[PDB]
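Novice: Before anything else, here's the structure in question.
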Amino acid sequence: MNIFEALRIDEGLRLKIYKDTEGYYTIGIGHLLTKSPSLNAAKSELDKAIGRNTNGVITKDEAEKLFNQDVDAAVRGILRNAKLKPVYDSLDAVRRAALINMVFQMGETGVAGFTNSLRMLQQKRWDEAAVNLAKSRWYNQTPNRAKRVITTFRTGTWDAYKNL
Ligand SMILES: [Cl-]
Ligand SMILES: [Cl-]
């Protein structure tokens, strides 16, 4: 198991524009197009992202390419963030992947907001961090996914993804 495989399980893959859990226009493997309520604006962002007139549909290869870009950007966002970098450096490879998943889902800014959890993770206080992470809108809105990421932080293994 790895970050790519994990996120592919968590986000799924859809080749036509769809609405995510928050009602935002998205495509591929969790690639957010826009927070605007307009499908046209979404179609526009889509064409600009792929480089062609898509008409709201992309191929598997296109989805994968967006996905690669997106993972790369999450990593870079982490490394550039003063609050995130140190946590990330302190963690093992498996837990680093959980942090990347969170950033991919919610953005660098969102994650950097989990101040107390981050401190706990940095201190390697696993059970405590898990409890704290759960007291969030994030866990209440997408509990099954949140539980998978949280277990990953807690145990440092990919067990929550083994079966799926
Ligand atoms: Cl893009
Ligand atoms: Cl969920």
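Going through the structure tokens in order, the chains are called A, B, and so on, while each chain numbers its residues from 1 and the ligands are numbered from 1 in the order shown.
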Show me which residues sit within 9 Å of ligand 1 when counting only C-alpha atoms and all ligand atoms, and put them as JSON, numbers by chain.

Specialist: {"A": [31, 32, 33, 45, 46, 48, 49, 50, 66, 69, 70]}

Novice: Can you tell me which residues surround region 13-29 of chain A at a distance of at most 6 Å, considering only C-alpha atoms, apart from same-chain residues fewer than 4 positions away, and format the answer as number ranges by chain?

Specialist: A: 33-35, 56-58, 63

Novice: Set the cut-off to 10 Å, count only C-alpha atoms and all ligand atoms, and list whatever residues fall near ligand 2 as a PyMOL selection string.

Specialist: chain A and resi 10-11+21+138-148

Novice: Mind giving me the straight-line distance from CA of residue 114 (chain A) to CA of residue 159 (chain A) in Å, one decimal?

Specialist: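 CA of residue 114 (chain A) sits 23.9 Å away from CA of residue 159 (chain A).
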
Novice: Contacts of residue 160 (chain A) at 12 Å or less, counting only C-alpha atoms, minus same-chain residues fewer than 2 places along, as a PyMOL selection string?

Specialist: chain A and resi 1+6+9-10+98+144-158+162-164

Novice: With only C-alpha atoms counted and 12 Å as the cut-off, give the residues of region 79-100 of chain A in contact with region 116-130 of chain A, each with its shortest interatomic distance in Å and the pair that gives it, as a Markdown table.

Specialist:
| residue | atom | partner | partner_atom | distance |
| --- | --- | --- | --- | --- |
| A:83 | CA | A:118 | CA | 8.5 |
| A:84 | CA | A:118 | CA | 8.0 |
| A:85 | CA | A:118 | CA | 10.6 |
| A:86 | CA | A:122 | CA | 7.9 |
| A:87 | CA | A:122 | CA | 5.3 |
| A:88 | CA | A:122 | CA | 8.2 |
| A:89 | CA | A:122 | CA | 9.0 |
| A:90 | CA | A:122 | CA | 6.2 |
| A:91 | CA | A:122 | CA | 7.3 |
| A:92 | CA | A:124 | CA | 10.3 |
| A:95 | CA | A:121 | CA | 9.4 |
| A:96 | CA | A:121 | CA | 10.7 |
| A:98 | CA | A:121 | CA | 11.3 |
| A:99 | CA | A:118 | CA | 9.7 |

Novice: Any chance you could export the current selection's N, CA, C and O atoms as a tab-separated table (two decimals), in the first residue's frame?

Specialist:
chain	number	residue	atom	x	y	z
A	83	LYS	N	4.37	25.21	9.72
A	83	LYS	CA	3.77	24.47	10.81
A	83	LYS	C	3.72	23.00	10.48
A	83	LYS	O	3.74	22.14	11.36
A	84	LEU	N	3.66	22.71	9.21
A	84	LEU	CA	3.56	21.31	8.81
A	84	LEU	C	4.89	20.58	8.66
A	84	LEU	O	5.00	19.41	8.97
A	85	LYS	N	5.86	21.25	8.10
A	85	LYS	CA	7.11	20.63	7.85
A	85	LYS	C	7.74	19.90	9.01
A	85	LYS	O	8.23	18.80	8.91
A	86	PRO	N	7.74	20.52	10.14
A	86	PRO	CA	8.38	19.87	11.26
A	86	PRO	C	7.67	18.65	11.70
A	86	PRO	O	8.27	17.69	12.13
A	87	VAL	N	6.37	18.64	11.57
A	87	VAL	CA	5.66	17.43	11.96
A	87	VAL	C	6.00	16.31	11.02
A	87	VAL	O	6.34	15.19	11.40
A	88	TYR	N	5.91	16.64	9.77
A	88	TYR	CA	6.18	15.70	8.71
A	88	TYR	C	7.57	15.10	8.86
A	88	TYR	O	7.78	13.87	8.67
A	89	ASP	N	8.56	15.96	9.17
A	89	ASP	CA	9.91	15.44	9.31
A	89	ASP	C	10.02	14.48	10.46
A	89	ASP	O	10.79	13.55	10.40
A	90	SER	N	9.26	14.70	11.51
A	90	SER	CA	9.34	13.83	12.67
A	90	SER	C	8.70	12.48	12.50
A	90	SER	O	8.88	11.58	13.31
A	91	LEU	N	7.85	12.32	11.49
A	91	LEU	CA	7.11	11.08	11.38
A	91	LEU	C	7.75	9.97	10.56
A	91	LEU	O	8.58	10.22	9.67
A	92	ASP	N	7.28	8.76	10.80
A	92	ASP	CA	7.70	7.61	9.98
A	92	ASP	C	6.97	7.66	8.61
A	92	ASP	O	6.05	8.44	8.41
A	95	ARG	N	3.00	7.19	8.59
A	95	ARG	CA	2.28	8.34	9.14
A	95	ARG	C	2.40	9.54	8.25
A	95	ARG	O	1.50	10.34	8.17
A	96	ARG	N	3.52	9.68	7.55
A	96	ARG	CA	3.68	10.80	6.61
A	96	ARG	C	2.58	10.73	5.55
A	96	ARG	O	2.03	11.75	5.14
A	98	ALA	N	-0.33	9.54	6.00
A	98	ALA	CA	-1.63	10.00	6.54
A	98	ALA	C	-1.73	11.50	6.50
A	98	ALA	O	-2.82	12.06	6.29
A	99	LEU	N	-0.61	12.18	6.78
A	99	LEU	CA	-0.61	13.65	6.78
A	99	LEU	C	-0.87	14.17	5.36
A	99	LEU	O	-1.64	15.13	5.14
